[PDB]
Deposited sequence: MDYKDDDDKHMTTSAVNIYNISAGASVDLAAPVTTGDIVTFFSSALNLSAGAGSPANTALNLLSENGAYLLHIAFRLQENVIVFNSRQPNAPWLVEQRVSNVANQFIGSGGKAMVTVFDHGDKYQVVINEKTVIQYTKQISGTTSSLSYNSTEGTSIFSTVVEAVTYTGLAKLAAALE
């Protein structure tokens, strides 16, 4: 039997999961706005490591994926160009879905897979965070995270 957990994440905030996200599981971050005229979503481990850090950068015009340990510097950054071309026919909202596939995270923006991210740091996701720089986020102030767990 599977589980659905729901979380409201304000920008700047972090949440601890009532059910960990492991191999086979799914996180979708739901935004009720799309402000494309910077912004980060994070899958963290119990010990505070960044298993997946996703940064939408409008200025540079790239989406960035990286990982790091706590108190440690960033690892090998992966970079997808052209932010707006990942939200094709999005409208005024967006969703960011992460599939935990064991060796990789699959990251899908709306209906389109944006990266098959080979994991740099492995393990269970026990926390999620969402932040932006100043009052400019490409997403709504509150992002709803939904987890689907106990799937495999």
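Stretches of the deposited sequence lacking C-alpha coordinates, numbered from 1: 1 to 12, 50 to 56, 172 to 178.
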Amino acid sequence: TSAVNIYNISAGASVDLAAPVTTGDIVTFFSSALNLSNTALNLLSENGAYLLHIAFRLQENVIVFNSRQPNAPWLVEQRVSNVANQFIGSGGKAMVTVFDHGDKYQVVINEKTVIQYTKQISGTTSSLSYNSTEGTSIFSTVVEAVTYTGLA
From here on, numbers count along this sequence of modelled residues.
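Note on 109 to 117 vs 84 to 92: mean CA B-factor is higher in 84 to 92. Stretches compared: 65 to 73, 96 to 104. Higher mean C-alpha B-factor in the entry: 65 to 73. Split the chain's modelled residues into thirds by C-alpha temperature factor. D16 is in the middle one. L58 sits in the highest third of its chain by CA B factor, as recorded in the PDB entry. In the deposited entry, the Cα temperature factor of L36 sits in the top third of values across the chain's modelled residues. The deposited CA B-factor of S127 belongs to the middle third of values across its chain.
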